[PDB]
Amino acid sequence: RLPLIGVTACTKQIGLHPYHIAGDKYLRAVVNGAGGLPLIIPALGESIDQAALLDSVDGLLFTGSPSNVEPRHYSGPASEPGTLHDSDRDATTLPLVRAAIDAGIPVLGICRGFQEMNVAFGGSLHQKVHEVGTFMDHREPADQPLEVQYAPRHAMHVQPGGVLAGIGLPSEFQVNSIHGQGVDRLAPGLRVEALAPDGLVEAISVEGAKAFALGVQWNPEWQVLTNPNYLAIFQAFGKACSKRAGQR
Amino acid sequence: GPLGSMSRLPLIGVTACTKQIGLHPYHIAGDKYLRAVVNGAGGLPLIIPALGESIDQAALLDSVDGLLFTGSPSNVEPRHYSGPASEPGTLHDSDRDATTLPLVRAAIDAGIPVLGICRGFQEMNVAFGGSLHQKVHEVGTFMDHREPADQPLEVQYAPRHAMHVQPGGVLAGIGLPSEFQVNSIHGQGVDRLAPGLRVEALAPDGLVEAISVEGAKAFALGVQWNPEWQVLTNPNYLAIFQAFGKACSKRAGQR
Ligand SMILES: [Mg+2]
Ligand SMILES: [Mg+2]
């Protein structure tokens, strides 16, 4: 049976109405890269039974987003006014990350979802990576089209002995970079999977997780079938989801 | 849920629309539909992306206990019922059509409870061989069912015309009164009623505004109005969502 893979929604006001939204490129990556059947998880927080939710899925994709985790979740400084937040999503995903990993449900986090994984286990974020002084500007260039904004823009150094090494990624490869926030303090119990050239942690796995649990700061859903390094990540996630699906 | 109940919670799929937002294509669903599934039907909503038959709809349906076909500002493309070309500027969502029209039929053949609202009611009619009027207000004896777009949501989604229940069907069976007022946020409507569909209710101008699928093995109801709007405060809207939820719970009990 094909794995049912949950995909986290964002919230968005569209005209007069509130919506729950999920990007097509994530959904198509789940179908084409992971071999799964995607269903979108609305950002309803613990308004609903997350244990019943987890029972019905074979894996979870925590997507990227223009929005940012609220800093209160890591006791960080208040955000600059106008920073984009999605408290409904935060209320959904931070407990969901912890619960899924405890249940042995495969997890892949992309960009915001990677940041969610670090915060959910007690880590913190830099809200303006480009201003810390130690890091490059990891944001996508404004005033450029999508194909430029999502193209590879910096190197990625795989740390040996973990998930990315096990999947067979090269020791250094290029990744896109569409993020203003990033890991500050690494949560306890997380393994560093990869570093950008300025030392920014851009991939993590969860030590002692019973099942696949990987987050990456870049956006590997982008034209996934045509980037072998991105496709390998989705294929590895899909195989984990299929293993869970096959134990039903 | 009810005090002391241990019944399995139904997983209810909710249809997405497609929309470009900022630089990217998205699949979207209105919060009011999702909250009505939780509060009115007692289910756990998951959104079904508008991926058409690029995925295995039968395998998707195996994992859900019910389906809500939502309303939308967009309109079914008229090719699906051999209709006249739409006026230029008409909003369509062809990726949604490619998902929902086959999904309606597959769901009913699999015994998955179906509730269609507004566009979803129209989809039910088209999927079984009926047709639509693209501008109801220009046709026959029909009146203007469209919402006043210069007004706040509270006015737009308040009850604006009567609804006359036709005896002997689902709506009478769940105990709705013979006449009640409904909201009206639609410019299209039923023209040819699909074969095998029961007329459940009529607007005062004769427009068919509710149908049920005769011979369906499970709950299969569509309504042209928008009962998800403040569903708990309107007893007629709530009765519809409760009946849907009970059917979804019956299927969940079979897992
Ligand atoms: Mg980067
Ligand atoms: Mg009407």
Side-chain angles (χ1 to χ4, degrees), chain A residues 64 109-115 118 125-126 128-132 134-141 149-158 172-184 192-204 215-220 222 229-230, chain B residues 71 75 116-122 125 132-137 139-148 156-165 179-191 199-211 222-227 229 236-237:
Chain A
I110 293 174
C111 193
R112 200 214 210 260
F114 157 89
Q115 296 163 352
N118 189 54
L125 307 175
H126 293 296
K128 294 195 51 112
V129 164
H130 37 289
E131 295 187 356
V132 175
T134 55
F135 303 122
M136 311 156 18
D137 195 346
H138 283 257
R139 296 172 298 176
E140 77 281 24
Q149 292 188 339
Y150 279 74
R153 281 183 58 79
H154 65 66
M156 187 50 50
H157 299 270
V158 174
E172 179 166 353
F173 58 94
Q174 307 305 119
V175 300
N176 56 17
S177 193
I178 311 99
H179 61 105
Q181 306 207 344
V183 168
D184 177 357
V192 174
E193 290 285 343
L195 300 171
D198 56 9
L200 187 75
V201 170
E202 280 221 16
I204 57 194
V216 306
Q217 178 68 90
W218 62 93
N219 277 82
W222 179 252
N229 295 324
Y230 297 174
Chain B
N75 306 282
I117 293 181
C118 196
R119 201 215 208 260
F121 156 89
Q122 298 167 350
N125 193 54
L132 310 172
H133 296 299
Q134 290 178 91
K135 294 174 141 229
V136 166
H137 68 277
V139 172
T141 58
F142 300 132
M143 300 292 262
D144 193 346
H145 287 261
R146 297 169 301 175
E147 77 285 10
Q156 293 189 26
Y157 281 74
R160 286 177 68 80
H161 63 71
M163 191 44 56
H164 299 278
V165 173
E179 182 182 339
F180 55 93
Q181 295 194 84
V182 296
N183 54 20
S184 199
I185 310 96
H186 63 106
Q188 311 207 333
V190 169
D191 179 9
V199 175
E200 290 282 345
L202 296 170
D205 61 353
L207 188 69
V208 175
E209 284 222 9
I211 58 88
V223 306
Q224 177 66 88
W225 60 94
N226 279 78
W229 181 256
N236 302 304
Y237 299 176

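Both ligands and their constituent atoms are indexed starting at 1 by order of listing. Sequence lines set the chain letters: A, B, ... in the order given, protein chains first and strands last, and positions in each chain run from 1.
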### Query
Please state the angle at the Mg ion (ligand 2) spanned by OG of B:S184 and NE2 of B:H161: what is it, rounded to 10 degrees?
90°

### Message
Is it the case that the ring center of A:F135 lies less than 6.0 angstrom away from the ring center of A:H126?
### Response
yes

### Message
What is the name of the N/O/S atom of A:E202 that is nearest to the Mg ion (ligand 1)?
### Response
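This turns out to be OE2.
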
### Message
Among the N/O/S atoms of A:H138, which is closest to the Mg ion (ligand 1)? Give the atom name.
### Response
ND1

### Task
Report yes if the side chains of A:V175 and A:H154 come closer than 4.5 Å at any heavy-atom pair, otherwise no.
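Heavy-atom side-chain distance check passes, below 4.5 Å.
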
### Query
Is any side-chain heavy atom of A:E202 less than 4.5 Å from a side-chain heavy atom of A:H179?
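They are in side-chain contact.
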
### Message
Parallel, tilted or perpendicular, judged at 30° and 60°: which one describes the rings of A:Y150 and A:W222?
### Response
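Tilted.
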
### Query
Any N/O/S of B:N183 under 2.8 Å from the Mg ion (ligand 2)?
no

